[PDB]
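Taking it in order: structure first as structure tokens, then the write-up.
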Amino acid sequence: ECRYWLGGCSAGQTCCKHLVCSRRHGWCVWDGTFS
């Protein structure tokens with residue numbers, strides 16, 4: 001299943017809609033706002 005904000009993605013994980021796997025933060029961040 002997809003993870004939510006600050007869910008904690010990985011190399012083989014995914015993030016729910018409106019979110020992106022932040023490899024820098026180490027967790028799913030808001031897509032469109034993150035850096």
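The way I read the labels, and the way they are meant: chains A, B, ... in the order of the structure tokens, residue 1 as the first residue of every chain, and ligand 1 as the first ligand shown, with later ones counted on from there.
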Got a sec: who's within 6 Å of stretch 16-27 of chain A, counting only C-alpha atoms, leaving out chain neighbours fewer than 2 positions off, as a PDB file with C-alpha atoms, in the first residue's frame?
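Contents of the output file around.pdb:
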```
ATOM      1  CA  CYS A   2       1.006   3.634  -0.507  1.00  0.00           C
ATOM      2  CA  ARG A   3       2.395   5.659   2.398  1.00  0.00           C
ATOM      3  CA  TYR A   4       1.258   9.090   3.581  1.00  0.00           C
ATOM      4  CA  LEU A   6       6.147  11.357   6.812  1.00  0.00           C
ATOM      5  CA  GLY A   7       5.240   7.732   6.174  1.00  0.00           C
ATOM      6  CA  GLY A   8       8.791   6.704   5.366  1.00  0.00           C
ATOM      7  CA  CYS A   9       9.427   5.549   1.806  1.00  0.00           C
ATOM      8  CA  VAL A  29       6.720  14.667   1.414  1.00  0.00           C
ATOM      9  CA  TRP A  30       3.990  16.888  -0.027  1.00  0.00           C
ATOM     10  CA  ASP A  31       4.323  16.782  -3.814  1.00  0.00           C
TER      11      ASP A  31
END
```
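For residue A:1, the set of protein, DNA and RNA residues having any atom at most 10 Å away, when counting only C-alpha atoms and skipping those fewer than 6 positions along the same chain, is residues 13, 14, 15 and 16 of chain A.
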If you run DSSP on the backbone, which residues of chain A are strand (DSSP E), as a ChimeraX atom specification?
/A:19-22,27-30
